[PDB]
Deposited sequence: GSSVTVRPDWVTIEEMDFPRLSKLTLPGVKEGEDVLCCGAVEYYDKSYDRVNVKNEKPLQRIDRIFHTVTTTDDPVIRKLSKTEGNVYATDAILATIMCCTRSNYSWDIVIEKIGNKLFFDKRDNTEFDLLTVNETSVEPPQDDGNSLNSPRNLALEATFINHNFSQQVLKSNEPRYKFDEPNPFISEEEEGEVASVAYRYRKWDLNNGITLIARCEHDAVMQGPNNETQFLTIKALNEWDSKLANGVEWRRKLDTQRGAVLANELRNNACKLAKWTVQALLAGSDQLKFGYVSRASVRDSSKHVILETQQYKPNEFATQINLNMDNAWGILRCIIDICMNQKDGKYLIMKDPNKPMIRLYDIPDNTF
């Protein structure tokens, strides 16, 4: 995801066997420090979509933000009086689920005094979803193919942006938090909870979490879209043939072949305190066209129950994060980089030039 240079210094190597044994039990729910933005209500007619009653995926005319930690004006303001470690839900999810990751990724860490800022680099593949990343044989096609890893990633990301907004009541008033969105109908429906965690050892985490919508049971939702590109080429189970009759097998296949993507979504919901994880199932209209899609159905899971299904253990998630925090706190001020080795089960912490 980024080219290592000769002037980079390896601070520490963290292999997945070691990281999998970490545990930090007893971490409570995050405490809201500030809430802002406003979400639209979920459209429950989408719960009645099924394979025999498919719904075309619409193109939604909205801008989809991904603002990193140090560019967030709420985080900058809150940091004057709150916490000593700062990040976003998506950045934390990447770290917390690193032992499930296969494809390379990176996160920038800046230490300033006794404070840590975890950032992501914009317009990279950090903000793109992966497709069949954890299959025995991940997608192998080359550049131009619509089934290459990168084109599959662009497709799934586009699907997810459109789906999250389509299933909402767009011409109705929103559920408003106390403060306005710090970044701006022209924008994706989203509401933010800036939340605080006591991680012990003098560590207090402040991080931006989010909900995609609200729903009348008021329940807050994390909304994501699972996607099917070509089930035969993926060696999967065909959703149009199996969703109604073997729903458990369809999901089990998603758990194993998209393991990191689904775990990070679940962490996002757990951190924000979403009451429901809502999963759309979106498939191509035809297998050689990545421009047209249909919603085959929606499913709903309590995040804590889904975490159990996927063996997501938040004691380990927090343990991994505090391990990396503790190492960074022992370093001098400056810019650092953590990145997953493309070919090995490990992440490395580098000292990188502050101009990089």
message: In sequence order, which parts of the deposited sequence are missing C-alpha coordinates?
response: 1-2, 187-191, 225-228, 368
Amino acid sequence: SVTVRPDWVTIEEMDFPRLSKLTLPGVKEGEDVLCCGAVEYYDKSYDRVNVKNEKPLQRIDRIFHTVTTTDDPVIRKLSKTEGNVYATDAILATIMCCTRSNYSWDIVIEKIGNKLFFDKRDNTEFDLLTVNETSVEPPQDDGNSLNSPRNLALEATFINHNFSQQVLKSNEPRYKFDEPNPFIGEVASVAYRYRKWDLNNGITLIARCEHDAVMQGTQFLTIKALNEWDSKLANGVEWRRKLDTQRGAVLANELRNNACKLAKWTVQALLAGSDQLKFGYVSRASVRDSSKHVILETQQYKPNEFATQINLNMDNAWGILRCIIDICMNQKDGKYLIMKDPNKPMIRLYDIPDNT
From here on, numbers count along this sequence of modelled residues.
- line: With B-factors read from the PDB entry, the higher C-alpha mean of 129-137 and 166-174 is in 166-174
query: Do the C-alpha atoms of 146-154 or of 106-114 have the higher average B factor in the entry?
result: 106-114
query: Can you tell me which of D61, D32, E54, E40 has the highest Cα temperature factor in the record?
result: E54
message: If I read the C-alpha B-factors straight from the PDB entry, which of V287, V49, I320, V294 is highest?
response: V49
field: Chain-relative CA temperature factor third for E82
entry: middle
- prompt: Lowest, middle or highest third: where is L312 by Cα B-factor in its chain?
  reply: lowest
message: Considering every modelled residue of the chain and its Cα B-factor in the PDB entry, is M215 in the lowest, middle or highest third?
response: highest
message: Quick check for you: using the entry's CA B-factors within this chain, is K264 in the lowest, middle or highest third?
response: lowest
- request: Please place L251 in the lowest, middle or highest third of its chain by C-alpha B factor as given in the entry.
  value: middle
